[PDB]
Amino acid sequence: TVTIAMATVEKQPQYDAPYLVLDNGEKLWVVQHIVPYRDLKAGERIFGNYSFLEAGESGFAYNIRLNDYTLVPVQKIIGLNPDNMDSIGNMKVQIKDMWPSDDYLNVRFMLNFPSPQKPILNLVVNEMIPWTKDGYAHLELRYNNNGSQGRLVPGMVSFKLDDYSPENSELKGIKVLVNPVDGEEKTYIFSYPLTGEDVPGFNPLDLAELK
């Protein structure tokens, strides 16, 4: 009866409230809210709890009740080179979910509680290895706990894909290298175009766990 899913806040001058855009591009108008939303800014990303109340109007696919959400940090891709390699790291990380959408690589993962340094997860272009011939984007996820060896807690992040996204028509897909906690370095492969089959199903506990 409720949908737990990602969304990006957007705004346009002619409207008097922020609205939500699902990753499939449908725009949702908020007609009821149980938590604050009016001060959300364009480009902010959320993992939210929606009730779809009825078909919308004026280009909004649906009018919704916003039951709850949590903010999801949005990170840029960075360049990995010999100078910053050491500070970027490649420590073992536990991935719970990873999937691309039109604009983002979405990752749910475990990170060490800050004790005190707050850990970093980056999505990098490796500038130290040759071009590949294969028509896929090649990126790497790099985790650094920055000394924090503490208890693991859940985390979500969205990396802006920009030129590595499915809107780049020259790309056959994306390959993402991960150094996993149980296992050896492995490649997640996602073909383009995205049909929606890559998107995991979530429930309220998934959202509750992230607050």
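So that there is no doubt, residue numbering starts at 1 and follows the sequence shown.
For the two regions 170 to 178 and 145 to 153, the entry's Cα B-factors average higher over 145 to 153. As recorded in the PDB entry, 115 to 123 is the stretch of 115 to 123 and 71 to 79 with the greater mean C-alpha temperature factor. The entry lists a Cα temperature factor for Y15 that places it in the middle third of the chain's modelled residues. In the deposited entry, the Cα temperature factor of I129 places it in the highest third of its chain's modelled residues.
When the modelled residues of the chain are ordered by C-alpha B-factor, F202 sits in the highest third. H33: CA B factor lies in the middle third for its chain, per the PDB record.
When the modelled residues of the chain are ordered by C-alpha B-factor, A7 sits in the lowest third.
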